[PDB]
Amino acid sequence: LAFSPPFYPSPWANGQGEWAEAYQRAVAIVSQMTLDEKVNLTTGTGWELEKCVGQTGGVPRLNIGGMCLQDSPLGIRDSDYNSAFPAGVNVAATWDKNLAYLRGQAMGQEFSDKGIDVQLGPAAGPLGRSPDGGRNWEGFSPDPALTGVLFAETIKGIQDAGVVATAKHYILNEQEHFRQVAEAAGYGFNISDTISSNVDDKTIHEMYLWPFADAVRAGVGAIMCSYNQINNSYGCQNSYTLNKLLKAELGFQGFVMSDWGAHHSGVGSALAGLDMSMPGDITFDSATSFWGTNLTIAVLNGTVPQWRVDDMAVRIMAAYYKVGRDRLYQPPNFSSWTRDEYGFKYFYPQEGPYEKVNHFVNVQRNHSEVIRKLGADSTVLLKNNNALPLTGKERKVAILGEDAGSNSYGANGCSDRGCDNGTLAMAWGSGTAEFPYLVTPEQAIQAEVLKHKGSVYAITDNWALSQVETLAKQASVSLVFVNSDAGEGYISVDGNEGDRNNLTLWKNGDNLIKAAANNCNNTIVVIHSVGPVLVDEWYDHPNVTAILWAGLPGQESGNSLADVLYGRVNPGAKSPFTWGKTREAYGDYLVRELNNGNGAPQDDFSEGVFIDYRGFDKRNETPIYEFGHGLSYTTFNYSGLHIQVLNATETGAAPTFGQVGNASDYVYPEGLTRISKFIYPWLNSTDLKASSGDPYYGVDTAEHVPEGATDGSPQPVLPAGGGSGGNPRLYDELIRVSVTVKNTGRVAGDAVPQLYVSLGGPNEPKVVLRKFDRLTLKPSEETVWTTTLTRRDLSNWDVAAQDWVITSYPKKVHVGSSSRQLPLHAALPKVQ
Amino acid sequence: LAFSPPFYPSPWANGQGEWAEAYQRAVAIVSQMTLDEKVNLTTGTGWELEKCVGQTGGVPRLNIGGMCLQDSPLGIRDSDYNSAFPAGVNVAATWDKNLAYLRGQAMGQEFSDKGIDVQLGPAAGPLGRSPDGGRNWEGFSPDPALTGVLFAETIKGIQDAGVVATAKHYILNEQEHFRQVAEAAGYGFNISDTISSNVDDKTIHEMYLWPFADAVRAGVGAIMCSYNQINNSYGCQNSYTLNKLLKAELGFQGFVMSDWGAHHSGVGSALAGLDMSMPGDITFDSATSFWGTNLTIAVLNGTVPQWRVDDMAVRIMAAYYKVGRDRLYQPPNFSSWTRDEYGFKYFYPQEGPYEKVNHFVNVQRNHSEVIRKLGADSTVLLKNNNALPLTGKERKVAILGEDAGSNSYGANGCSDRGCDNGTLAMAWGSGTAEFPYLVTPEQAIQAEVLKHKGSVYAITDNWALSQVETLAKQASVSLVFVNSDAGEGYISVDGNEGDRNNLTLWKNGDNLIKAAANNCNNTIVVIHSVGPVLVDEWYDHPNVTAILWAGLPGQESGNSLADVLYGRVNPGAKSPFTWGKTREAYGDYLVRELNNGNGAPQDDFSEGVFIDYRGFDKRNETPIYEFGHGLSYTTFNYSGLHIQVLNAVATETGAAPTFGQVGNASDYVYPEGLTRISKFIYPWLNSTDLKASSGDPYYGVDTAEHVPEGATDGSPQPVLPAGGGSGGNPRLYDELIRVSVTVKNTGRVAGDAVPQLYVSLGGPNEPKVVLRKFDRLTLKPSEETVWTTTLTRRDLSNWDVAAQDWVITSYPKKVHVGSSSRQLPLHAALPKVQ
Ligand SMILES: *[C@@H]1O[C@H](CO)[C@@H](O[C@@H]2O[C@H](CO)[C@@H](O[C@@H]3O[C@H](CO[C@H]4O[C@H](CO[C@H]5O[C@H](CO)[C@@H](O)[C@H](O)[C@@H]5O[C@H]5O[C@H](CO)[C@@H](O)[C@H](O)[C@@H]5O)[C@@H](O)[C@H](O[C@H]5O[C@H](CO)[C@@H](O)[C@H](O)[C@@H]5O[C@H]5O[C@H](CO)[C@@H](O)[C@H](O)[C@@H]5O)[C@@H]4O)[C@@H](O)[C@H](O[C@H]4O[C@H](CO)[C@@H](O)[C@H](O)[C@@H]4O[C@H]4O[C@H](CO)[C@@H](O)[C@H](O)[C@@H]4O)[C@@H]3O)[C@H](O)[C@H]2NC(C)=O)[C@H](O)[C@H]1NC(C)=O
Ligand SMILES: *[C@@H]1O[C@H](CO)[C@@H](O[C@@H]2O[C@H](CO)[C@@H](O[C@@H]3O[C@H](CO[C@H]4O[C@H](CO[C@H]5O[C@H](CO)[C@@H](O)[C@H](O)[C@@H]5O[C@H]5O[C@H](CO)[C@@H](O)[C@H](O)[C@@H]5O)[C@@H](O)[C@H](O[C@H]5O[C@H](CO)[C@@H](O)[C@H](O)[C@@H]5O[C@H]5O[C@H](CO)[C@@H](O)[C@H](O)[C@@H]5O)[C@@H]4O)[C@@H](O)[C@H](O[C@H]4O[C@H](CO)[C@@H](O)[C@H](O)[C@@H]4O[C@H]4O[C@H](CO)[C@@H](O)[C@H](O)[C@@H]4O)[C@@H]3O)[C@H](O)[C@H]2NC(C)=O)[C@H](O)[C@H]1NC(C)=O
Ligand SMILES: *[C@@H]1O[C@H](CO)[C@@H](O[C@@H]2O[C@H](CO)[C@@H](O[C@@H]3O[C@H](CO[C@H]4O[C@H](CO)[C@@H](O)[C@H](O)[C@@H]4O)[C@@H](O)[C@H](O[C@H]4O[C@H](CO)[C@@H](O)[C@H](O)[C@@H]4O[C@H]4O[C@H](CO)[C@@H](O)[C@H](O)[C@@H]4O[C@H]4O[C@H](CO)[C@@H](O)[C@H](O)[C@@H]4O)[C@@H]3O)[C@H](O)[C@H]2NC(C)=O)[C@H](O)[C@H]1NC(C)=O
Ligand SMILES: *[C@@H]1O[C@H](CO)[C@@H](O[C@@H]2O[C@H](CO)[C@@H](O[C@@H]3O[C@H](CO[C@H]4O[C@H](CO)[C@@H](O)[C@H](O)[C@@H]4O)[C@@H](O)[C@H](O[C@H]4O[C@H](CO)[C@@H](O)[C@H](O)[C@@H]4O)[C@@H]3O)[C@H](O)[C@H]2NC(C)=O)[C@H](O)[C@H]1NC(C)=O
C-alpha cells in the first residue's frame, strides 16, 4: 500500500512578504488571549448551532466576533436576496483574468454584506483528472496554468472586497465516489476509510499543486483540506501535503480548515498542520469534538506544544486582518437553516433567545450585469457554418429542448439544485447558491423574436419528437438545447452519485438534435453542462449549422445566450477542456468499485501528468474540439514571433504568545448556560482524563506522536521554499515572447492568444500551456502581444533534488489559437 | 314527442333595405348562369379537396372564383402567420361595442389577405343555456341583449373589412353531447338521430333568436344552421326555424349554409330553406352529395322549383357583392391541410397539378395591439382588498400554477388545442387558430419584476405543493394561476367530451390556492377558463386578497394580464355570466344519458327564459359574483335618473322570380374534355337517365308525399305581422323612451365605468330584471358625464304566441340603472307607451 512519509514540525507563520503587517497585528492580539480563547478561534461550534455553514465562537472579551464561513464558490449558499454567478468552469471558458477578478469582487461584496467573514471558495481541486468527475465544474480547467491564474484572480477579487477566500479542496479529491465512508455506505459500499489518492511527487508538483502555489502567492488567507487520503494519510492530517508541501515549500501563511467531517484526530491533525476544525464536532451534532475541549486538554497535558496552538490562532487572525475583516465586521444577518424572520438563536437544538435570525438584506447591487457579461463571454462557439449571429429577421424560430425552459418546481425547487429539470444554469451540491430569479433561454429568445415581430415557440418535452419534427419542418431556425449534469457526492440524480455515469447528453438529447436536424437545414445546438459531452453522433450532421457550449451560466442564462446569438456580444470564449470522440479517449478512469477489500479504495494516478489534452496528444488521439478551441464572429491572424533572453536558510524558533495557566482556569464558567450540541473550549473539571472522555486518553501517547512533531527549534528552509508560492527565484522572468495579433475579419472581437512550451525529454507532454490573454481588437486593428516565461515556466520538478530544475533537453515555444492550431514556433535559447 | 310544424314556401330574397344594390347585382349575374353553374354555388366540392375548410367550385365562365370558407370566430384556422385573438366570451367581458367592432375588423383584414371569402363566425349559438356547455366560450353571453349587440358589432367589423361573416350556429345547439350520431357512437352511445332541442315559441323569440335578429339587422351575409334537431326536425332542414323565423320573420336576405355533416337531404333541405351544402359531400369524402348532381336532377325532374335554386344563387351572390368580396378576390394563398410550400392541388386524393399550395403570407400587421388591449379590457377584477395594482416594489413574487407557464409541446403542440397544458389562452375544437407565439403570464410577470430588480420564480406543477408552500412563505405576493377548459364535442380531454364534466378548477386548482393561501397573506388568484368556475372553497379565504377572471386571451395573454396587475390598464371588464355557489344553483342540466331509447335524446328547455342570472333571480339564489359584476381601481357613482317619452311596410311579397333558363338534361352531362378528380363533388350528370345519374335508392319513390304542402308554391305570400323588415318589422326599432343618468368618477385614477340599464317588464312569469342597454365610458378622476340611451318598442315587448307578434303588455314596467344586475341604486317607473 502507498505510504505518506512524515514531515515535522508544522511550520510556524513568520510575517513573510505581503503578510508582515497582518502577522504583527495577529501576534499583538493573540498575545493577549487565554488558552480557551485561542482554542475558540480554531473550532467550529457544531453543525447548525449558529448561522453559517461553519462558525467559530470568537473571542468576546477581545471584541472578535465569531467567524462565519459560508459556501459557495459561485455565490452565497443557503441565504436570500443574493446573486447566482456562473460556475468556475465558465470563468475558465472566458480565458479572462479580469472577468475572474470582477466576479470575485462581486461575490466578495455580497458575502461581506451578509456578515460572512470567509467564503468557502474558489476551487482548484478537483483539478479535473477525469471528465466525468462530479465536481470539476466548481473549479476551472484540467490545465494547471489556466486554472492557477484564474483561481488567483478570483481570490484577489474576493479578498480585495474584504472577505477571506478559501482555496479548496487541498488536495487530490479528483472524484466523488468513496470520498466519505458514510456516503459510500448509503450507496451500498462498505469501506473503513476514504479513497486514497496515490500520486508520485513529480505529478503532484507539475499538476495538482501548481494552482495552490498560485493561490498562496496571490495571498489566499485560507485553504480547506480534503476528505480523501493521499497515500493512505487523511487530507486533514497529512503532514506531507500540509506541513511539507503547503507550509514549508509553498510558504503558506494563512490557515488550513478541515472539510466538513474531514477532521479525524485531535492531536494527529494539530501536529500535521491543520489550523481549524469545521463544522466543529466529530460528526454532525455529536456534541463531541476532536478539538474544542480536547485541544485545551492536549495543550495542558503537554502533548500539543503551546507554540502549535499559538500558531493556529496567529494564522487565523493574520488572515482575518489581511483582508481588513475587522473593519467590516457584523454578525451574520441571515440564517443558513431557515428563511423565517424569527427563530431560536441556536437552530439545531432550537435553544437560546427567540429573536431575529433573518434580516433579508438585499446584497445583489447591480451584479446581474457582470453575471450576464460573464455568461456571454463564456459561451464557446464550437461550430459555426455561417449560421450565427442571427439577424432577428428569422421568420419563425423553434426553441427545442427541456434545457431551454423553466424548472417546473421553480428555479430553486430542487434542494441544493439536486435535479436536472428545465434549463441547466447550476449544478448540484454545496457549490450552489439560491437564484434570485432565473432567465431561461426560452424567455430571452422569445422576447428577442417578439421585438422583431417574428413567430416563435418553445417545445420543452424531449420525448415530444412528433411535435418537434412538425415544428422543425416549418422553422427558419431551430435552436436545440441539451445538457449533462453532475455534482457533489451526497446527492444522487438519476443514479449519478455525484460523478457522471457517462458523458452522453441527458434527457434524450442526442435523439432530440437528430429529430430537429433531420428536418431544419439550420439546426443550432446549445449545450449547458458541467464539462465535455459526446457530440459524435450529430456534430457533423449537414443540417447542424452551429454548436455552442454555454457551461453553467447562473441567473442571467437566457440573456447571456441571446446576447451572443444575436450578435450583441462576439463570442471570445475558448474550450477549457478537450471534447473527445469517446469516453475511452480520455483514459483517466474513476474508481467505481472496491479494489482493496473493505479497506480504503486505492486510486493510483498511474497516468502521471497525462490528463485531458496532455493525454490526447500523447496517444496521438484527435479530439473533435481541442483544448483552447473556440470560434469567433471575426477571424484573427498571429504572426511575427520574437524571442528575447532577459537578464533565508533557517527559520526562527517557534514562538509562544501569551501565557498558559492551571486546569482550573479552563473549567466551564459558572454563570454560563451550556447550549445542547454546542462545542465549547472548556473542561468539565480539572481532571483532564474525565473531561476529555477519550477512550484512548493518555495511552501510548508518545508513540502516537511522530518524531519532530514537537520540535520548536529553528528549521532548514527547503530549496524550493523560502518565498510565497515557492522560492522567489522561481518567478524570475528569463525570456520575453512577442507576436503580432491582427483582427482580419469585419467584427470587433476578442482574441485569445495562447503560448505553449515543449520542455523536452521522453516523459514530457508535447505541448503545455504557459501564458494567455484576452485582447479586444476592432476590424483590421493590430496589437503586439508580449509576455514572459519565468524560471518556473521552464522547469520540471526533480525528485532527487527536491527542487525545480530547467532540464537540459532542448525546449520550444509555440503561439497560436488553440493547443492544436499553433502556426508560430521557435527553438528557445538555453537559459538556466 | 316534440313536433316541428311546416312553414312553406321558402321565402325569396327581395332586395330588402341595405341589400338593394347587392340584390340587383346578384340578379344580373345569376340571370347569366346555367343551372349547373348555379348548383356549383350551392355545394362544397368535398372534404379537403381544395384549400379551405369549406370550398365551392365557383363559376369559372363568369369569372367567379370558388368561395373559400374558413374557421374560426377568433382568427384564421389551420393557416400560418395569422393572429390568435381572445375568445368571443372575452369580447363579452369587455362590454365594449367598439372593441367588438375593432376585433372584427382586424380578423376580416387577416381573412381577406389570405384569399378567404367567408369567415365561419362569429357565434351566438350556443347562447349559454348551461354553465358547462362545451362551446359557450366561442359565443358571448347567456344574456341575449349583451350577446346580440356584441355579435352585430363583430359581424360589422368583419364585413366592413370585406369578408362575409357567418352567424352560427342556428339554432339551439346548447350542448355538445349527442350533437352528432357518429360522434356519439365513438363515445359508446347508440342513437339514430341527433339531440333534439325542444323549446317553446316565446322562449325562442325572447332568448336564442334575439342575437340572430341583431345579426340579420347588422347585415350579416351568411347563417350556419346547426347539428341538433329542433322539435325533432334537423337544424338544416327545419322550415320553421329557417323559412318562418329566419327568412320570413327576421327577413334574412343572405344565405344559409350547413354545418359540416349537418346536411341530411337534398329535396327536403332545399325546400326547407338551406342555401349551401358544406363541405359538400354526404359524409367526409364519400364522393356522394345530397346536392351537386342531385340538386341539378331535382330541378330537371320538377321536384325542386327553378325559383328555389335561383334564390339560393341570388342569396350567395348577394352576400358576396354586399361585402364587396369581388373587389378583393384572390384564390386562397394557403392550404388548411399541409404547411408544405408545394403539394398536389387536391389534397385529399393527392391529385391535380403538383404546384404551390402555400405562399406563407404574413397577414398579422400590428394586430397584437388590439389583442393585447382587448385581453386587458376583458380581465374581470372579481375581488380586490386593496391588493391591486401591484407597484413593482414587491420584493419577492411567487408565480404559482401550471396555467402561468408554457405548454411543453409548444403553444400549438396540441392539435386543435385539444389539451389543457400550460397557460390556457384558447379552448379546443374548430373555434381555434394557430398562435403565431404565446406570451405566458410567467414570461410577462417575470419580465416586469426584473425590470424593477425584484426577485421572482414560477412553479408550474400543481402537485409540487411542498415547493409551493415553501415559496409562498417567503413571498410578498403569490400570484396563483388556475384554469378550466372545454371545447367542441369531437375532442375529449380527460374524459370531458366537449362539454365540461364539472365547474371545478382543473389540475388541482383548489388545492393549489389553499396551499398558497395557507402560507402568503397576499395570495391573488387569476382564472383562465371557458366560463364560470366554482369558487366557494377559497374566495372568502382571509389570505386571498384579489381574484381575476381573464377568460381566453389569445396570443398576448401574459402582457394583457401584466398591464392589468401593474395598473397600466385600470380593469373595466364586467362578468358576462353568473358565478354561482354550486353547479345546482344554475339548474339547466345537460342531457348526458340516452332518455329516448336509441332514438334522438330529447333536450326539453323546461326552464324557459330562466337561464344564468334570470334563473338565479327567479329562485332568489345569491351568486358569489353576479352577472354585470366587475371591480375597478377607481370608484363610480350613479345619480340623476331621468326618463323621457319620445314621438315615434308591405303586407304581401312579390311572386317567386326565376333568372335565366333551364334546358335539357343533356346540357348538364359531364363535359367530355374534363378529368374528374377523385372524391370531388360536381354539379353534373353521368347520362341523361335522371334516375341512374342520381343513384338515389329513393329516386321517384312516393315523391309527392315527401314534398310538404306549400313547398313548391311560388305565388305572393302574406307578410308576417312581426316581419317585413330587417331583424323584424321596423316598428320594433322605434325608440319610445330616452333614459339618462350621470356617471361620475369619484376615485383617484382614471378608469372606465360600465353603466348597465335593466328593465322589469312585469307579469307573473317574467324575470325580475333583464338587461337592455349598456356602454363603457372612460372617466378621469372627478369627471362626470351624462349617459343617455333609448329603449325601443322591442325592448319593452314580450313575445305573444297568439298574436305571433311582439306586444308591450299592460303590466307596469320599471327601468333600473346601476353597476351590476344586483347593484341597482336608481329606479324609475315607466309610463304607458305602445
Ligand atoms: C492529552 O490529551 C489529549 C487530548 O485528549 C490526548 O489525545 C489523545 O491521544 C491518544 C493517544 O494517547 C490518541 O489516540 C491514538 O491516536 C492514534 C492516531 O489516530 C489517528 O491517526 C491515524 C493515522 O496515524 C498516523 O498519522 C497521524 C498523522 O496523520 C500521526 O499523528 C500518527 O502518529 C500516525 O503516524 C504514522 O503514520 C503516518 C502515515 O500515515 C506517518 O507519516 C508517520 O510517520 C507514522 O508512521 C488514523 O489512522 C486514525 O484513524 C482512525 O481513527 C479515525 C478517527 O475516528 C477513524 O475515522 C479512522 O477510520 C480510523 O479508525 C480506526 O482506528 C480507531 C483507533 O484509532 C478505531 O477506533 C476505529 O474503530 C478504527 O479501527 C486517527 O485519525 C491511533 O492510531 C491510536 O490507535 C492505535 O493504537 C492503539 C494502542 O495505543 C490501538 O488500540 C489502536 O487499535 C490503534 O492501532 C492501530 O495502529 C497501530 C500503530 O499505531 C498498530 O499497532 C495497530 O495494529 C493498529 O492498526 C490511538 O487511537 C487520540 O487520538 C488523542 N485524542 C485527541 C482528542 O486528540 C492525549 O492522550 C493526552 N496526553 C497525555 C500525556 O495524556
Ligand atoms: C328528382 O330528383 C331528386 C334527387 O335525386 C329525387 O329526390 C329524392 O326524393 C325522395 C322522395 O321520392 C326522397 O326520399 C324521401 O325523403 C324523405 C325525407 O327524408 C329526409 O327528411 C326526413 C324528415 O322529413 C320531414 O321533414 C322534411 C324537411 O325537414 C320534409 O321535406 C319531409 O317531407 C318530412 O316533412 C314532414 O315532417 C316535418 C317535421 O319534421 C313537418 O314539418 C312536415 O309538415 C311533414 O310532416 C328525415 O327524417 C330523413 O332522415 C333520414 O335520412 C337521413 C339520411 O338522409 C338520416 O340522417 C336520418 O337519420 C334518417 O334516416 C332514417 O330514414 C332513412 C330514409 O329516409 C333510412 O334510410 C335510414 O337508414 C333511417 O331509417 C331525411 O333527412 C323520407 O322521409 C322518405 O323516407 C320515408 O318514406 C319512405 C317511403 O316513401 C320509407 O321508405 C322510409 O322508411 C321513410 O319512412 C319514414 O317516413 C314516413 C313518412 O312519410 C313514415 O311513414 C315512415 O314510417 C318512416 O318513419 C324518403 O327517403 C329523397 O330524400 C330525395 N333525394 C334527394 C337527393 O334529395 C326525387 O325523387 C326526384 N323526383 C322524381 C319525380 O322522380
Ligand atoms: C467561545 O465562543 C462562545 C460562542 O460565541 C462563547 O460563548 C458565549 O459567551 C458569551 C459570554 O461572552 C455568553 O454571553 C452571555 O449570554 C447570556 C444570554 O444572553 C441572552 O439572554 C439575556 C437574558 O434574558 C439577554 O439579556 C441578552 O441580550 C441575550 O439575549 C447572557 O445572560 C450573559 O450576560 C451576562 O454576562 C454579561 C457579560 O458577558 C453581562 O454583561 C450581562 O449583564 C450578564 O451578566 C450577568 O451574568 C454574569 C454571569 O457570568 C455575571 O457575571 C454578571 O454579574 C451578571 O449577573 C447577574 O445576572 C445573572 C443572570 O442574568 C444573575 O444570576 C446574577 O446573580 C447577577 O444578578 C452573557 O452575555 C453566551 O451565552 C455564550 N454563548 C453560548 C452559545 O454559550 C464563549 O464565551 C467563547 N469562549 C471564550 C473563552 O472566549
Ligand atoms: C364547378 O366547379 C368546378 C371546380 O372549380 C369546376 O371544375 C373545374 O373547371 C375548370 C375550368 O373548366 C377545369 O379547368 C381546366 O383545367 C385543365 C387542367 O388544368 C391544369 O393542368 C394543365 C396541365 O399542364 C395546366 O396547363 C393548367 O394551367 C392547369 O394547371 C386545363 O387543361 C383546362 O384548360 C383547357 O382545357 C380544355 C381541355 O379539355 C380545352 O378545351 C381548352 O383548350 C382549355 O384551355 C381547364 O382550364 C378544372 O379542371 C375543374 N376542376 C376540377 C376539380 O375538375 C367546374 O367547371 C364548375 N362547373 C361549372 C358549370 O361552372
# chains A, B, ... in the order shown; residues from 1 in each chain; ligands from 1

$ interface_residues --of "chain A" --to "chain B" --cutoff "9 Å" --atoms "only C-alpha atoms" --output "PyMOL selection string"
chain A and resi 81+339-340+366+396+399-400+402+405-414+435-439+443+446-447+450+453-461+464+467-468+471+473-474

$ write_last_selection --atoms "C-alpha atoms" --output "PDB file, in the first residue's frame"
ATOM      1  CA  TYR A  81     -31.549  38.208  -1.886  1.00  0.00           C
ATOM      2  CA  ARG A 339     -35.900  31.596   5.952  1.00  0.00           C
ATOM      3  CA  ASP A 340     -38.107  32.727   8.881  1.00  0.00           C
ATOM      4  CA  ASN A 366     -26.041  45.580  -9.914  1.00  0.00           C
ATOM      5  CA  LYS A 396     -40.117  31.540 -37.499  1.00  0.00           C
ATOM      6  CA  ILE A 399     -36.849  26.720 -29.461  1.00  0.00           C
ATOM      7  CA  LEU A 400     -36.398  22.995 -28.742  1.00  0.00           C
ATOM      8  CA  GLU A 402     -36.267  20.934 -21.951  1.00  0.00           C
ATOM      9  CA  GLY A 405     -37.317  26.096 -20.411  1.00  0.00           C
ATOM     10  CA  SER A 406     -38.330  26.553 -16.825  1.00  0.00           C
ATOM     11  CA  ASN A 407     -37.815  24.221 -13.865  1.00  0.00           C
ATOM     12  CA  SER A 408     -41.478  23.223 -13.175  1.00  0.00           C
ATOM     13  CA  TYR A 409     -40.640  23.327  -9.438  1.00  0.00           C
ATOM     14  CA  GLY A 410     -39.287  26.877  -9.590  1.00  0.00           C
ATOM     15  CA  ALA A 411     -35.598  27.733 -10.254  1.00  0.00           C
ATOM     16  CA  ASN A 412     -34.652  26.753  -6.631  1.00  0.00           C
ATOM     17  CA  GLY A 413     -37.360  23.974  -6.460  1.00  0.00           C
ATOM     18  CA  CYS A 414     -34.742  21.180  -6.014  1.00  0.00           C
ATOM     19  CA  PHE A 435     -31.221  32.082  -7.515  1.00  0.00           C
ATOM     20  CA  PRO A 436     -32.915  35.484  -7.035  1.00  0.00           C
ATOM     21  CA  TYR A 437     -34.584  34.513 -10.340  1.00  0.00           C
ATOM     22  CA  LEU A 438     -33.611  32.535 -13.465  1.00  0.00           C
ATOM     23  CA  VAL A 439     -33.770  33.929 -17.037  1.00  0.00           C
ATOM     24  CA  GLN A 443     -37.725  33.705 -22.196  1.00  0.00           C
ATOM     25  CA  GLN A 446     -38.854  34.505 -27.460  1.00  0.00           C
ATOM     26  CA  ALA A 447     -38.598  38.155 -26.180  1.00  0.00           C
ATOM     27  CA  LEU A 450     -41.103  39.259 -30.500  1.00  0.00           C
ATOM     28  CA  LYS A 453     -42.381  40.746 -34.783  1.00  0.00           C
ATOM     29  CA  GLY A 454     -41.356  37.232 -35.624  1.00  0.00           C
ATOM     30  CA  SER A 455     -43.045  33.950 -34.787  1.00  0.00           C
ATOM     31  CA  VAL A 456     -41.594  31.703 -32.145  1.00  0.00           C
ATOM     32  CA  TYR A 457     -42.390  28.595 -29.974  1.00  0.00           C
ATOM     33  CA  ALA A 458     -40.700  26.542 -27.299  1.00  0.00           C
ATOM     34  CA  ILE A 459     -41.071  22.733 -27.060  1.00  0.00           C
ATOM     35  CA  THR A 460     -39.620  21.557 -23.800  1.00  0.00           C
ATOM     36  CA  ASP A 461     -40.543  17.872 -23.593  1.00  0.00           C
ATOM     37  CA  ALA A 464     -42.395  15.003 -27.822  1.00  0.00           C
ATOM     38  CA  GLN A 467     -44.316  17.883 -32.151  1.00  0.00           C
ATOM     39  CA  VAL A 468     -40.570  18.624 -32.617  1.00  0.00           C
ATOM     40  CA  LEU A 471     -42.327  22.443 -35.950  1.00  0.00           C
ATOM     41  CA  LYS A 473     -40.135  21.485 -40.820  1.00  0.00           C
ATOM     42  CA  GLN A 474     -41.832  24.933 -40.536  1.00  0.00           C
TER      43      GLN A 474
END

$ residues_around --residues "residue 522 (chain B)" --least-positions-apart "4" --cutoff "6 Å" --atoms "only C-alpha atoms" --output "JSON list (two decimals) with N, CA and C atoms, in the first residue's frame"
[["chain", "number", "residue", "atom", "x", "y", "z"],
["B", 477, "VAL", "N", -46.09, 38.60, -2.44],
["B", 477, "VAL", "CA", -47.35, 38.36, -3.10],
["B", 477, "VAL", "C", -47.22, 37.03, -3.84],
["B", 543, "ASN", "N", -56.77, 35.16, 3.27],
["B", 543, "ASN", "CA", -55.47, 35.38, 2.66],
["B", 543, "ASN", "C", -55.53, 35.57, 1.15],
["B", 545, "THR", "N", -56.51, 37.85, -1.35],
["B", 545, "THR", "CA", -56.73, 39.29, -1.38],
["B", 545, "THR", "C", -57.21, 39.85, -2.70]]

$ residues_around --residues "residue 228 (chain B)" --least-positions-apart "6" --cutoff "9 Å" --atoms "only C-alpha atoms" --output "PyMOL selection string"
chain B and resi 171-174+178-180+193-197+234-236+262

$ residues_near_ligand --ligand "ligand 3" --cutoff "9 Å" --atoms "only C-alpha atoms and all ligand atoms" --output "NGL selection string"
:A and (33-41 or 45 or 49-50 or 56-62 or 65-66 or 345-346 or 352-355 or 666 or 669-676 or 678-682)

$ residues_around --residues "residue 276 (chain A)" --least-positions-apart "3" --cutoff "7 Å" --atoms "only C-alpha atoms" --output "list in words"
residues 42, 43, 256, 257 and 258 of chain A

$ write_last_selection --atoms "N, CA, C and O atoms" --output "PDB file, in the first residue's frame"
ATOM      1  N   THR A  42     -10.162  28.147  16.806  1.00  0.00           N
ATOM      2  CA  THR A  42      -9.777  27.027  15.960  1.00  0.00           C
ATOM      3  C   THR A  42     -10.907  26.036  15.708  1.00  0.00           C
ATOM      4  O   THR A  42     -10.725  25.154  14.879  1.00  0.00           O
ATOM      5  N   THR A  43     -12.022  26.144  16.440  1.00  0.00           N
ATOM      6  CA  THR A  43     -13.027  25.087  16.449  1.00  0.00           C
ATOM      7  C   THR A  43     -14.426  25.629  16.192  1.00  0.00           C
ATOM      8  O   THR A  43     -14.912  26.496  16.906  1.00  0.00           O
ATOM      9  N   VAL A 256      -5.410  26.583   7.545  1.00  0.00           N
ATOM     10  CA  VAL A 256      -5.976  25.401   6.913  1.00  0.00           C
ATOM     11  C   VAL A 256      -7.113  24.949   7.740  1.00  0.00           C
ATOM     12  O   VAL A 256      -6.925  24.683   8.910  1.00  0.00           O
ATOM     13  N   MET A 257      -8.284  24.859   7.139  1.00  0.00           N
ATOM     14  CA  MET A 257      -9.516  24.376   7.823  1.00  0.00           C
ATOM     15  C   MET A 257      -9.866  23.034   7.270  1.00  0.00           C
ATOM     16  O   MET A 257      -9.441  22.653   6.138  1.00  0.00           O
ATOM     17  N   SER A 258     -10.642  22.271   8.023  1.00  0.00           N
ATOM     18  CA  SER A 258     -10.978  20.916   7.523  1.00  0.00           C
ATOM     19  C   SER A 258     -12.223  21.005   6.647  1.00  0.00           C
ATOM     20  O   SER A 258     -13.040  21.949   6.752  1.00  0.00           O
TER      21      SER A 258
END

$ residues_near_ligand --ligand "ligand 4" --cutoff "6 Å" --atoms "only C-alpha atoms and all ligand atoms" --output "list in words"
residues 36, 37, 40, 57, 58, 59, 60, 66, 353, 673, 674, 675, 676 and 677 of chain B

$ write_last_selection --atoms "C-alpha atoms" --output "PDB file, in the first residue's frame"
ATOM      1  CA  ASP B  36     -75.041  23.651 -63.290  1.00  0.00           C
ATOM      2  CA  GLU B  37     -73.241  26.953 -62.620  1.00  0.00           C
ATOM      3  CA  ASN B  40     -71.885  24.933 -58.211  1.00  0.00           C
ATOM      4  CA  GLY B  57     -66.282  25.354 -57.275  1.00  0.00           C
ATOM      5  CA  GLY B  58     -67.403  28.847 -58.364  1.00  0.00           C
ATOM      6  CA  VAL B  59     -68.431  29.842 -61.901  1.00  0.00           C
ATOM      7  CA  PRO B  60     -65.282  29.945 -63.990  1.00  0.00           C
ATOM      8  CA  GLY B  66     -64.737  29.235 -55.798  1.00  0.00           C
ATOM      9  CA  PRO B 353     -51.101  19.721 -60.800  1.00  0.00           C
ATOM     10  CA  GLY B 673     -62.826  17.022 -72.074  1.00  0.00           C
ATOM     11  CA  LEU B 674     -62.777  17.089 -68.204  1.00  0.00           C
ATOM     12  CA  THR B 675     -60.771  14.856 -65.809  1.00  0.00           C
ATOM     13  CA  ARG B 676     -62.919  14.016 -62.771  1.00  0.00           C
ATOM     14  CA  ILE B 677     -60.875  14.398 -59.573  1.00  0.00           C
TER      15      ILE B 677
END

$ closest_residue --among "B:344, B:758, B:684, B:7" --to "ligand 2" --atoms "only C-alpha atoms and all ligand atoms"
B:7

$ residues_near_ligand --ligand "ligand 2" --cutoff "7 Å" --atoms "only C-alpha atoms and all ligand atoms" --output "number ranges by chain"
B: 3-6, 192-193, 232-234, 237-239, 264-269, 271-272, 290-291, 294-295, 297-298, 301-303, 694, 696, 698-703, 705-708

$ atom_distance --atom1 "CA of residue 378 (chain A)" --atom2 "CA of residue 573 (chain A)"
4.9 Å

$ residues_near_ligand --ligand "ligand 1" --cutoff "8 Å" --atoms "only C-alpha atoms and all ligand atoms" --output "PyMOL selection string"
chain A and resi 3-7+192-193+231-234+236-240+263-269+271-272+289-291+294-304+688-689+692-694+696-707

$ residues_around --residues "region 711-728 of chain B" --least-positions-apart "4" --cutoff "6 Å" --atoms "only C-alpha atoms" --output "short mmCIF file (atom, residue, chain, number, x, y, z; two decimals) with C-alpha atoms, in the first residue's frame"
data_model
loop_
_atom_site.label_atom_id
_atom_site.label_comp_id
_atom_site.auth_asym_id
_atom_site.auth_seq_id
_atom_site.Cartn_x
_atom_site.Cartn_y
_atom_site.Cartn_z
CA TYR B 8 -93.59 26.91 -46.75
CA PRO B 9 -92.74 28.17 -49.18
CA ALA B 213 -82.27 39.19 -35.17
CA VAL B 216 -79.61 39.93 -39.51
CA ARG B 217 -80.21 43.66 -38.96
CA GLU B 249 -89.99 36.99 -39.68
CA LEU B 250 -86.37 38.29 -39.47
CA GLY B 251 -86.33 38.96 -43.26
CA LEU B 271 -87.42 23.36 -49.79
CA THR B 651 -98.47 43.18 -46.48
CA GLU B 652 -97.51 40.73 -49.31
CA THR B 653 -94.36 39.55 -51.10
CA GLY B 654 -93.96 39.52 -54.93
CA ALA B 655 -94.30 36.14 -56.76
CA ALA B 656 -91.13 33.99 -56.86
CA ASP B 805 -96.01 39.26 -32.60
#
